[PDB]
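The file work.pdb comes next; it holds PDB, N, CA and C atoms.
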ATOM      1  N   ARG V   1       0.841  -1.215   0.000  1.00  0.00           N
ATOM      2  CA  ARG V   1       0.000   0.000   0.000  1.00  0.00           C
ATOM      3  C   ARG V   1       0.861   1.245   0.000  1.00  0.00           C
ATOM      4  N   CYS V   2       0.848   1.946  -1.117  1.00  0.00           N
ATOM      5  CA  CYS V   2       1.611   3.173  -1.263  1.00  0.00           C
ATOM      6  C   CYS V   2       1.320   3.819  -2.611  1.00  0.00           C
ATOM      7  N   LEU V   3       1.399   5.138  -2.638  1.00  0.00           N
ATOM      8  CA  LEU V   3       1.121   5.914  -3.832  1.00  0.00           C
ATOM      9  C   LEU V   3       2.330   5.916  -4.757  1.00  0.00           C
ATOM     10  N   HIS V   4       2.096   5.661  -6.035  1.00  0.00           N
ATOM     11  CA  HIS V   4       3.180   5.631  -7.014  1.00  0.00           C
ATOM     12  C   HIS V   4       3.551   7.047  -7.451  1.00  0.00           C
ATOM     13  N   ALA V   5       4.496   7.144  -8.373  1.00  0.00           N
ATOM     14  CA  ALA V   5       4.954   8.428  -8.873  1.00  0.00           C
ATOM     15  C   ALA V   5       3.837   9.167  -9.598  1.00  0.00           C
ATOM     16  N   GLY V   6       3.612  10.394  -9.175  1.00  0.00           N
ATOM     17  CA  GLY V   6       2.620  11.237  -9.808  1.00  0.00           C
ATOM     18  C   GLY V   6       1.298  11.224  -9.073  1.00  0.00           C
ATOM     19  N   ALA V   7       1.327  10.826  -7.810  1.00  0.00           N
ATOM     20  CA  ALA V   7       0.108  10.796  -7.004  1.00  0.00           C
ATOM     21  C   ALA V   7       0.050  12.011  -6.090  1.00  0.00           C
ATOM     22  N   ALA V   8      -1.074  12.708  -6.058  1.00  0.00           N
ATOM     23  CA  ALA V   8      -1.173  13.929  -5.263  1.00  0.00           C
ATOM     24  C   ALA V   8      -1.019  13.656  -3.771  1.00  0.00           C
ATOM     25  N   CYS V   9      -0.024  14.297  -3.168  1.00  0.00           N
ATOM     26  CA  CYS V   9       0.213  14.176  -1.733  1.00  0.00           C
ATOM     27  C   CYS V   9       0.854  15.457  -1.188  1.00  0.00           C
ATOM     28  N   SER V  10       1.168  15.459   0.113  1.00  0.00           N
ATOM     29  CA  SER V  10       1.757  16.622   0.796  1.00  0.00           C
ATOM     30  C   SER V  10       0.717  17.719   0.999  1.00  0.00           C
ATOM     31  N   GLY V  11      -0.531  17.367   0.759  1.00  0.00           N
ATOM     32  CA  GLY V  11      -1.625  18.302   0.921  1.00  0.00           C
ATOM     33  C   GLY V  11      -2.354  18.099   2.233  1.00  0.00           C
ATOM     34  N   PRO V  12      -3.540  18.725   2.391  1.00  0.00           N
ATOM     35  CA  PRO V  12      -4.401  18.561   3.566  1.00  0.00           C
ATOM     36  C   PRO V  12      -4.489  17.113   4.033  1.00  0.00           C
ATOM     37  N   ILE V  13      -4.712  16.949   5.345  1.00  0.00           N
ATOM     38  CA  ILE V  13      -4.601  15.661   6.062  1.00  0.00           C
ATOM     39  C   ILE V  13      -4.599  14.439   5.134  1.00  0.00           C
ATOM     40  N   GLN V  14      -3.402  14.038   4.739  1.00  0.00           N
ATOM     41  CA  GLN V  14      -3.225  12.919   3.836  1.00  0.00           C
ATOM     42  C   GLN V  14      -2.367  11.856   4.482  1.00  0.00           C
ATOM     43  N   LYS V  15      -2.997  10.899   5.135  1.00  0.00           N
ATOM     44  CA  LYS V  15      -2.249   9.743   5.557  1.00  0.00           C
ATOM     45  C   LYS V  15      -2.386   8.649   4.507  1.00  0.00           C
ATOM     46  N   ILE V  16      -1.315   8.489   3.744  1.00  0.00           N
ATOM     47  CA  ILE V  16      -1.138   7.444   2.734  1.00  0.00           C
ATOM     48  C   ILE V  16       0.304   7.520   2.283  1.00  0.00           C
ATOM     49  N   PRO V  17       1.183   6.672   2.787  1.00  0.00           N
ATOM     50  CA  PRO V  17       2.588   6.771   2.435  1.00  0.00           C
ATOM     51  C   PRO V  17       2.815   6.395   0.980  1.00  0.00           C
ATOM     52  N   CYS V  18       3.450   7.278   0.232  1.00  0.00           N
ATOM     53  CA  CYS V  18       3.764   6.995  -1.155  1.00  0.00           C
ATOM     54  C   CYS V  18       5.042   6.201  -1.228  1.00  0.00           C
ATOM     55  N   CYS V  19       5.179   5.372  -2.249  1.00  0.00           N
ATOM     56  CA  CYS V  19       6.459   4.772  -2.493  1.00  0.00           C
ATOM     57  C   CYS V  19       7.255   5.780  -3.297  1.00  0.00           C
ATOM     58  N   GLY V  20       7.743   6.770  -2.576  1.00  0.00           N
ATOM     59  CA  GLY V  20       8.361   7.915  -3.187  1.00  0.00           C
ATOM     60  C   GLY V  20       8.610   8.998  -2.163  1.00  0.00           C
ATOM     61  N   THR V  21       9.127  10.122  -2.610  1.00  0.00           N
ATOM     62  CA  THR V  21       9.185  11.313  -1.783  1.00  0.00           C
ATOM     63  C   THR V  21       7.938  12.165  -2.035  1.00  0.00           C
ATOM     64  N   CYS V  22       7.323  12.688  -0.989  1.00  0.00           N
ATOM     65  CA  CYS V  22       6.169  13.551  -1.161  1.00  0.00           C
ATOM     66  C   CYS V  22       6.611  14.984  -1.454  1.00  0.00           C
ATOM     67  N   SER V  23       6.148  15.533  -2.572  1.00  0.00           N
ATOM     68  CA  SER V  23       6.534  16.876  -2.980  1.00  0.00           C
ATOM     69  C   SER V  23       5.520  17.454  -3.965  1.00  0.00           C
ATOM     70  N   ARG V  24       5.240  18.755  -3.831  1.00  0.00           N
ATOM     71  CA  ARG V  24       4.406  19.525  -4.773  1.00  0.00           C
ATOM     72  C   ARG V  24       3.110  18.804  -5.175  1.00  0.00           C
ATOM     73  N   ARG V  25       2.373  18.275  -4.196  1.00  0.00           N
ATOM     74  CA  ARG V  25       1.136  17.546  -4.472  1.00  0.00           C
ATOM     75  C   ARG V  25       1.400  16.354  -5.376  1.00  0.00           C
ATOM     76  N   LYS V  26       2.569  15.760  -5.222  1.00  0.00           N
ATOM     77  CA  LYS V  26       2.943  14.585  -5.982  1.00  0.00           C
ATOM     78  C   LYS V  26       3.792  13.652  -5.136  1.00  0.00           C
ATOM     79  N   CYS V  27       3.538  12.379  -5.278  1.00  0.00           N
ATOM     80  CA  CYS V  27       4.427  11.366  -4.784  1.00  0.00           C
ATOM     81  C   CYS V  27       5.458  11.126  -5.859  1.00  0.00           C
ATOM     82  N   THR V  28       6.716  11.332  -5.526  1.00  0.00           N
ATOM     83  CA  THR V  28       7.776  11.320  -6.518  1.00  0.00           C
ATOM     84  C   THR V  28       8.599  10.045  -6.410  1.00  0.00           C
TER      85      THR V  28
END
Kindly return the structure encoded in the file as structure tokens.
Amino acid sequence: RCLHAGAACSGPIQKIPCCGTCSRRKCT
């Protein structure tokens, strides 16, 4: 369970770890 590259994150209460770095409303 994790958001791939290009998934909106780092925004309002978002608990969902991306398989990536969270940046600019994107999981990188």
Legend entry - Resolved residues for the PyMOL selection byres ((chain V and resi 18) around 5) as a PyMOL selection string: chain V and resi 2-3+16-17+19-20
Convert the current residue selection to file output with N, CA and C atoms, as an mmCIF file, in the frame of the given file.
data_model
loop_
_atom_site.group_PDB
_atom_site.id
_atom_site.type_symbol
_atom_site.label_atom_id
_atom_site.label_comp_id
_atom_site.auth_asym_id
_atom_site.auth_seq_id
_atom_site.Cartn_x
_atom_site.Cartn_y
_atom_site.Cartn_z
ATOM 1 N N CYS V 2 0.848 1.946 -1.117
ATOM 2 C CA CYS V 2 1.611 3.173 -1.263
ATOM 3 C C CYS V 2 1.320 3.819 -2.611
ATOM 4 N N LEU V 3 1.399 5.138 -2.638
ATOM 5 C CA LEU V 3 1.121 5.914 -3.832
ATOM 6 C C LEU V 3 2.330 5.916 -4.757
ATOM 7 N N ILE V 16 -1.315 8.489 3.744
ATOM 8 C CA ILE V 16 -1.138 7.444 2.734
ATOM 9 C C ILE V 16 0.304 7.520 2.283
ATOM 10 N N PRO V 17 1.183 6.672 2.787
ATOM 11 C CA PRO V 17 2.588 6.771 2.435
ATOM 12 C C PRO V 17 2.815 6.395 0.980
ATOM 13 N N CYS V 19 5.179 5.372 -2.249
ATOM 14 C CA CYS V 19 6.459 4.772 -2.493
ATOM 15 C C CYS V 19 7.255 5.780 -3.297
ATOM 16 N N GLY V 20 7.743 6.770 -2.576
ATOM 17 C CA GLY V 20 8.361 7.915 -3.187
ATOM 18 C C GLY V 20 8.610 8.998 -2.163
#
Legend entry - All strand (DSSP E) positions in chain V, as a list in words: residues 22, 23, 26 and 27 of chain V
Exercise on region 5-23 of chain V, axis-aligned box with 4 Å per side, report centre and edge lengths in Å to one decimal, as AutoDock Vina command-line options:
--center_x 2.2 --center_y 11.7 --center_z -1.9 --size_x 21.9 --size_y 22.0 --size_z 23.9
Legend entry - Separation of CA of residue 22 (chain V) from CA of residue 1 (chain V), in Å and rounded to one decimal: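 Those two atoms sit 14.9 Å apart.
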Legend entry - Residue members of the PyMOL selection byres ((chain V and resi 26) around 5) in the file shown, as an NGL selection string: :V and (6-9 or 22-25 or 27-28)
Inset, instruction - Measure the distance from atom C of residue 4 (chain V) to atom N of residue 21 (chain V) in Å and round it to one decimal. - result: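 Taking atom C of residue 4 (chain V) and atom N of residue 21 (chain V), their separation equals 8.0 Å.
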